[PDB]
Number of protein chains: 2
Amino acid sequence: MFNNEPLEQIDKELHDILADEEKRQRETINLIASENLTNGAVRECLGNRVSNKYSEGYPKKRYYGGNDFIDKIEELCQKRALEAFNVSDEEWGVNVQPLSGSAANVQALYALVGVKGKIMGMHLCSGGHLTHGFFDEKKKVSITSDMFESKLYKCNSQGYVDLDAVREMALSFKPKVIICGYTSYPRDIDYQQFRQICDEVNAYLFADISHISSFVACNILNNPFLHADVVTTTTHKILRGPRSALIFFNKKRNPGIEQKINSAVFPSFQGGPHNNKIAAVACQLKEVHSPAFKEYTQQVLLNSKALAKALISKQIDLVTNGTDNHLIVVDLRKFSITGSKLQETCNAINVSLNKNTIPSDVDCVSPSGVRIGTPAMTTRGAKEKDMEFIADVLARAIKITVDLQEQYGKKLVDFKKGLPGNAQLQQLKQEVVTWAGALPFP
Amino acid sequence: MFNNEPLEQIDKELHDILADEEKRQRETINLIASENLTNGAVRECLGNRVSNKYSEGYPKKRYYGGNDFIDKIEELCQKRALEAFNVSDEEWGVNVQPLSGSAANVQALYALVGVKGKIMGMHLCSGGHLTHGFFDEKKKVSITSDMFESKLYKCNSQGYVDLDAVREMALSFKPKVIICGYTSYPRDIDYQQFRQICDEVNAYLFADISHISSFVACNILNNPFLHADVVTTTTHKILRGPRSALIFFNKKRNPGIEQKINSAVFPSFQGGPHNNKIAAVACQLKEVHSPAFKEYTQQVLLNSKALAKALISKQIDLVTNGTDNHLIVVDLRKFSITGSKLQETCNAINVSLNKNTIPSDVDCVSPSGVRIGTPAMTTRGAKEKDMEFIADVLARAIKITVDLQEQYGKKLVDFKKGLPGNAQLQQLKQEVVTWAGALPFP
Ligand SMILES: Cc1[nH]nc2c1[C@](c1cc(-c3cccc(CCC(=O)O)c3)cc(C(F)(F)F)c1)(C(C)C)C(C#N)=C(N)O2
Ligand SMILES: Cc1[nH]nc2c1[C@](c1cc(-c3cccc(CCC(=O)O)c3)cc(C(F)(F)F)c1)(C(C)C)C(C#N)=C(N)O2
Ligand SMILES: Cc1ncc(COP(=O)(O)O)c(CNCC(=O)O)c1O
Ligand SMILES: Cc1ncc(COP(=O)(O)O)c(CNCC(=O)O)c1O
Ligand SMILES: [Cl-]
């Protein structure tokens with residue numbers, strides 16, 4: 001007693017908006033540093049009937065039976081996760097149930113410190129995540145600043161993690177956990193120095209590697225698994241999996257961590273796992289462990305170096321004057337335009353990017369930059385040669401943004417009225433559309 | 001630069017376990033009160049490319065642009081949610097972003113009361129959810145007992161919510177929130193009396209209607225929207241959507257609740273929404289608001305009445321001696337077998353059900369019952385006359401369980417060696433497999 005007509009037949013209204021969404025994805029230069037594009041197989045998993053099954057608990061310790069095939073999938077996902085990140089299952093455990101990055105982080109933090117526990121993370125404005133303790137004078141914006149007592153450490157005036165400040169803060173503050181690994185940080189991390197500071201105060205080392213996961217797995221960047229107690233990562237960004245997350249824990253350094261983490265995830269925070277997700281993560285994690293995916297990750301860094309270099313060749317400034325990874329932050333101060341203006345200008349030409357703070361911005365009220373990244377376009381087949389066009393397209397957008405601001409004024413409402421029906425934007429948009437539409441699309 | 005080979009080719013190992021899972025679902029009498037079967041259209045949405053898009057924030061106020069089509073989908077979902085539950089968008093709002101039921105409950109509770117806040121809910125062992133404040137002497141098992149101060153109210157010795165106890169507890173405890181609507185409660189809820197008790201102490205009324213959502217939407221059971229401040233519900237149980245959740249908030253009774261709930265969901269707890277989920281939820285809510293779906297829901301209650309009646313005709317005892325909804329709790333005390341023994345026996349014959357506490361069990365250590373429900377089998381096409389066969393099968397499972405306990409003893413490890421190779425079970429399984437396999441399967 002159900003309706004099995006296809007999606008197009010059952011709901012024509014939704015099917016159009018979805019077909020529209022797909023066209024816009026195909027015809028966009030996607031430089032969102034956190035986005036990627038899943039293959040058809042990962043998307044077969046996400047729509048599988050395995051999401052019908054309730055399986056609260058852990059493998060061989062479920063609350064319900066009938067979880068034999070689910071238990072194999074969940075055990076296969078865990079095994080593949082450990083192989084991908086070059087860790088022995090004797091020394092490391094992994095929880096694969098967290099529904100997303102933020103949930104994983106709050107669960108892992110709670111496991112380690114509990115309510116009223118003390119944590120340290122990078123400030124939002126300096127490239128830290130919301131779940132690293134973010135707050136403001138006006139409110140405790142993240143639950144990680146409310147259910148915990150958090151203190152926030154800044155990057156220096158050149159945009160680098162200031163280690164002497166991390167130490168200074170830790171010795172006064174004496175937190176149980178210090179979070180490293182960031183959302184918009186363009187350089188690699190000195191995990192060893194973090195491990196040295198943690199020991200000095202007896203705090204846990206938390207490495208959130210969501211943005212750089214593929215680089216850690218494929219050994220292109222430093223390995224926090226050598227120094228870290230806990231490693232969290234999303235599976236949807238550079239790793240190219242479904243929207244999910246992983247919590248890694250170091251048994252050898254912390255006997256008894258396995259139970260606290262597992263109990264934090266269920267039944268402290270979550271209920272039933274989303275088995276379609278776990279299936280999909282298994283499917284991608286097999287791809288992560290091939291040499292073909294290493295080729296892909298290498299290309300992400302090759303594109304990102306090329307892109308930063310080409311942007312500097314057009315006299316555009318970058319925070320830290322370069323990148324060690326997939327992402328660049330563009331400092332827009334020399335043009336006297338804001339990040340939100342360029343984001344509007346770039347949406348108007350089918351270029352996907354986000355506004356982003358820079359070290360000079362005291363506040364988060366007006367970010368002076370945009371953040372961009374190569375994983376999405378590297379997935380779509382762009383090589384080092386293609387990055388000169390993207391830098392070209394971004395340079396033109398900055399110039400048009402400066403023209404429009406001159407004509408209509410620096411207020412955002414006044415700025416925007418200039419956008420629709422702009423001859424150059426329509427021309428640039430058609431240019432963006434013609435190249436992007438051609439590219440391989442999974 | 002991606003591998004577009006189909007799931008079967010790209011990963012044969014996972015694909016076989018998934019084809020196995022599908023076969024087991026097709027050949028199981030699924031009586032899990034919380035499970036259902038999504039149609040193909042809902043599963044087309046869950047695997048849609050819309051899950052590629054990051055879209056933190058809310059519609060028309062996203063952090064990123066490029067969210068035009070996502071915003072229509074998310075606006076279409078909230079609209080369809082308010083229409084489904086017979087509420088005016090002037091008086092009621094809905095957040096569609098929570099990833100699952102437990103997340104929705106923790107976020108909504110945080111919005112209302114904050115950290116250290118006071119909440120009241122039904123005890124786990126009496127049919128309340130984990131996220132209703134569940135703790136034990138030993139541990140604060142749920143975050144809702146830890147990030148909040150919770151007190152737990154029990155049902156009476158006949159399995160009914162004891163209102164006199166709820167009121168007595170509220171006047172001593174003085175919580176900010178009182179939770180009603182449960183996981184294993186076989187009767188309807190007197191929300192009006194709950195709303196009368198909340199006013200008297202000045203606490204908010206929280207209705208978690210995850211198990212009975214289709215009954216509220218279709219006007220078969222009492223309507224908590226007449227009385228409640230907040231209504232949460234999952235979309236994957238009787239409602240038959242994807243794995244997701246909804247927080248409803250009553251704007252008229254509480255000005256400014258809209259922002260508090262929206263900010264609790266993001267940026268307090270979550271980050272990026274899962275747009276494939278929201279698409280899928282949108283798609284199913286169209287089906288929910290149809291006369292065809294109401295026919296289905298009515299059939300769920302008809303099958304459940306019939307099933308309770310047939311079980312009583314075979315001298316099997318039901319908690320509260322019946323049901324007003326989709327679910328029945330069988331009390332197994334007269335046979336001297338435990339719920340977990342029958343769960344193993346029932347898994348051994350492809351009958352999916354769960355072990356469940358009853359009123360007599362002071363401790364959760366040994367649940368003396370099983371919980372069962374009709375939504376899944378009603379979806380597969382069973383009618384009232386089919387319920388005698390399910391009651392026959394369950395009676396036979398209880399008897400075989402008594403036989404096996406006789407032979408091998410009442411200790412659990414001993415009990416299970418009797419199960420594999422048991423001639424009657426192989427015979428009963430074969431009976432189960434032959435009937436279930438034939439039924440319509442979405
Ligand atoms: C949306 C989001 N999630 N996590 C992030 C951000 C992000 C961000 C968050 C926010 C953000 C999000 C939610 C809440 C707040 C608090 C300030 C407010 O209430 O407006 C800021 C703002 C920005 C902006 F300043 F550029 F507008 C940027 C980026 C990646 C979009 C950010 C930065 N900068 C960092 N570090 O991390
Ligand atoms: C698994 C789960 N999730 N939410 C539930 C349950 C559920 C439940 C939870 C639990 C449960 C889950 C997690 C943690 C605990 C604490 C006990 C322990 O640590 O051993 C109990 C146990 C049962 C059992 F007693 F029957 F085995 C049952 C049912 C639906 C499976 C329950 C009951 N009774 C209620 N009310 O709600
Ligand atoms: C370091 C880090 N950790 C956790 C998360 C949270 O993931 P969910 O969105 O799955 O909750 C993000 C997302 N950051 C958003 C961005 O970079 O665009 C992140 O950058
Ligand atoms: C009343 C209630 N609320 C919330 C949830 C949580 O849903 P998630 O699993 O999506 O977090 C459940 C699930 N209860 C499990 C069952 O009855 O089988 C529930 O019964
Ligand atoms: Cl999903």
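Counting convention: from 1, in listed order, for ligands and their atoms alike. Proteins get letters first, then strands, A, B, ... in listed order; numbering begins at 1 in each. No hydrogens, no waters, no symmetry mates; every other heavy atom, side chains included, goes into these values.
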Looking at every heavy atom in both A:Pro98 and A:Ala104, which two are closest together, and how far apart are they?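 It is CB-CB, 3.7 Å.
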Within a distance under 4.0 Å of any heavy atom of [X], pick out the atoms of ligand 3 and give their elements.
X: B:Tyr64; value: 16 (C), 18 (O)
X: A:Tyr182; value: 1 (C)
X: A:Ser34; value: 16 (C), 17 (O), 18 (O)
X: A:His211; value: 16 (C), 17 (O), 20 (O)
X: A:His236; value: 10 (O)
X: B:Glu56; value: 15 (C)
X: A:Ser102; value: 6 (C), 7 (O), 8 (P), 11 (O)
X: A:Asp208; value: 1 (C), 2 (C), 3 (N), 4 (C)

Kindly confirm or rule out an N or O of [X] lying under 3.5 angstrom from an N or O of ligand 3.
X: B:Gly272; value: yes
X: A:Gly181; value: no
X: A:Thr183; value: no
X: A:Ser100; value: yes

B:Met122 and its side-chain contact (heavy atoms from CB on, under 4.5 Å) partner, picked from B:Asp208, B:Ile179, B:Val161: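 Among B:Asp208, B:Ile179, B:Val161, the one meeting side-chain contact (heavy atoms from CB on, under 4.5 Å) with B:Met122 is B:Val161.
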Can B:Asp331 and B:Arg333 be said to form a salt bridge (charged side-chain N to carboxylate O under 4.0 Å, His left out), step by step? CA-CA 6 Å; B:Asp331 174 13; B:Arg333 281 187 302 176; 3.5 Å; yes
So do [Y] and [X] actually touch side chain to side chain, heavy atoms under 4.5 Å?
X: A:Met377; Y: A:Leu31; value: yes
X: B:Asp71; Y: B:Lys60; value: no
X: B:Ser34; Y: A:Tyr64; value: yes
X: A:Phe206; Y: A:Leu109; value: yes
X: A:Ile212; Y: A:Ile189; value: yes
X: A:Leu412; Y: A:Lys341; value: yes

Given side chain to side chain contact (heavy atoms under 4.5 Å, CB included), test A:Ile209 with A:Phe248 step by step and report yes or no. CA-CA 11 Å; A:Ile209 65 161; A:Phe248 293 100; over 6 Å; no
Could you list the donor-acceptor pairs under 3.5 angstrom formed between side-chain atoms of residues 262-274 of chain A and any protein atom two or more places apart in sequence or on another chain?
unit_1, atom_1, unit_2, atom_2, d
A:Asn262, OD1, A:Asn95, ND2, 3.0
A:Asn262, ND2, A:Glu258, O, 3.1
A:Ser263, OG, A:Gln259, O, 3.4
A:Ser263, OG, A:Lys260, O, 3.3
A:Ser268, OG, A:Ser263, O, 3.4
A:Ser268, OG, B:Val141, O, 3.4
A:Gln270, OE1, A:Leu99, N, 3.0
A:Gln270, OE1, A:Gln107, NE2, 3.0
A:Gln270, NE2, A:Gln97, O, 2.9
A:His274, ND1, B:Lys277, NZ, 3.0
A:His274, NE2, B:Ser100, OG, 3.0

Check contact between [X] and ligand 3, using heavy atoms of the residue and a distance below 4.0 angstrom.
X: A:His129; value: yes
X: A:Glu35; value: no
X: A:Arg371; value: yes

For the aromatic rings, using the six-membered ring if either is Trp, is the centroid distance between B:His123 and B:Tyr153 under 6.0 Å?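 Ring centroids of B:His123 and B:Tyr153 are no less than 6.0 Å from each other.
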Is it possible for you to check whether A:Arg243 lies under 6.0 Å from the centre of the six-membered ring of B:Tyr54, through NZ or CZ, and within 45° of that ring's axis?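 Geometry flag: set, cation within 6.0 Å and 45°.
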Tabulation required: pairs of a nitrogen or oxygen in ligand 1 and a protein nitrogen or oxygen under 3.5 Å; columns are atom names and distance to 0.1 Å; otherwise 'none'.
unit_1, atom_1, unit_2, atom_2, d
ligand 1, 3 (N), B:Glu56, OE1, 3.0
ligand 1, 3 (N), B:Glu56, OE2, 3.4
ligand 1, 34 (N), A:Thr357, OG1, 3.2
ligand 1, 36 (N), A:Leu124, O, 2.8
ligand 1, 36 (N), A:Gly128, O, 2.8
ligand 1, 36 (N), A:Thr183, OG1, 3.2
ligand 1, 37 (O), A:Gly128, O, 3.4
ligand 1, 37 (O), A:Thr183, OG1, 2.9

Nearest-neighbour protein heavy atom for atom 13 (C) of ligand 3, which is reported as residue plus atom name and distance: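 Looking only at protein heavy atoms, the one closest to atom 13 (C) of ligand 3 is B:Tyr54 OH, 3.3 Å.
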From the options A:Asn354, A:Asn356, A:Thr357, select the one residue that forms a side chain to side chain donor-acceptor pair (under 3.5 Å) with A:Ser184.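 Output: one option passes, namely A:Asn356.
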Is the contact between A:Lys237 and ligand 3 made by the side chain, the backbone, both, or neither, using heavy atoms and a 4.0 Å cut-off?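 Just the side chain.
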